[PDB]
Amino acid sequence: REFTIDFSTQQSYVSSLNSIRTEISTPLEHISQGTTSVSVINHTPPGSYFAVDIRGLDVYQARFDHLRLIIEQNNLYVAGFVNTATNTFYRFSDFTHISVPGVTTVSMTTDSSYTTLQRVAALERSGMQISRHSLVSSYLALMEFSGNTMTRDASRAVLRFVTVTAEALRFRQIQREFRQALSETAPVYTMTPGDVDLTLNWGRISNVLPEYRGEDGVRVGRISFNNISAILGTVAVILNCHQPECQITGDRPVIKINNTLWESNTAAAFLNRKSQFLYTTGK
C-alpha cells in the first residue's frame, strides 16, 4: 500500500495521517471517541511495509515530489527512503529483511537507531527545530544523497522526516505540536523533552493501554495521563502487543493502585529498595 502525507496545510497533513491510521490500525474499544482513538496496528507478516509519498512541501505545488519513505508496517519504523527520480531505495542496515520490488536497493552501512542518527547528524532530538523551510532543506539533502553511508545532512533530514511522519502517526501530541509549523505564519516546531520521552516509551505505552478500563490515571515510567482526553490528545497508534518492543521483563502488564493503572515494571522499580538505614550504612 502507498499513502501520501501532504504538508500543504494543517488540514491536508492531519487528513493524511488520519487516513493512514484508519487503514493500518483498529481502535481500542475503551479508548475511542467518534473516529478519534488510540488504535492498535493490525497484524501483518514480518517484513510488510507501506510507502509514504511526501507532498506539499511547497504548499499545493507539484514539486519537491520525489521523496518516498518506506515504513515497516508492524512497528512504523522507517526502513529507508526512495529517490523516485533515480528509482533508488536507500535502506538502513537493520532492515535487510525489507524488500521493495522495482527499485535499485542500496544497502547502507548506517543503522536507523536514534543513537546512530543523532551522532552522524550532530543533532540532538531534544530541542530539534523543524519548519516548512527545514523540511524543504531536508528533502533536497535526501535527493542529493548518494552512496552506502549516511552523511550528516542526510541524517538530519531523516531525523526531521521521521519525527513528522512515523512519530506523528504514533503520537497525536506530536501531530498537534508540529502542525502549527505548516500554517501561513510558518512558525518553528521545537521538539520538547516530553515529545522525546513519548517516542522513547512507545512500546511500554503500547503494552499498558490495552488494559485501560476507565481508571482515573495511567502511569508508564515517566509518562502520566490523568483522564481519557489526555490519553487521546497524546497517543494515536500503538503496537500490537499480542512484538518484541512490548515486553521488557516479567509477564504482568499492569497493576491497578489507588484507581491508577501502573505499568507493573515501574512500580517494581521503586518497590525494590531495602530498609534505608541498612542501605546507606552498608557501604
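Residue positions are given as counts along the sequence shown, with the first one as 1.
- Unmodelled deposited residues between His242 and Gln243: 10 or more, per the record.
- 171-179 and 94-102 differ in mean CA B-factor, and the higher of the two is recorded for 94-102.
- The mean Cα B-factor in the deposited entry runs higher for 244-252 than for the other of 215-223 and 244-252.
- The top Cα temperature factor in the record, among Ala166, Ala141, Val158, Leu198, falls on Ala141.
- By the numbers in the PDB entry, the CA B factor is greatest at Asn258 among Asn258, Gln33, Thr234, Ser39.
- Per-chain ranking of the deposited C-alpha B factor places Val136 in the middle third.
- Annotation for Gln73: CA B-factor lies in the middle third of the chain's modelled residues.
- Ranked by Cα temperature factor within the chain, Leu209 sits in the middle third according to the deposited record.
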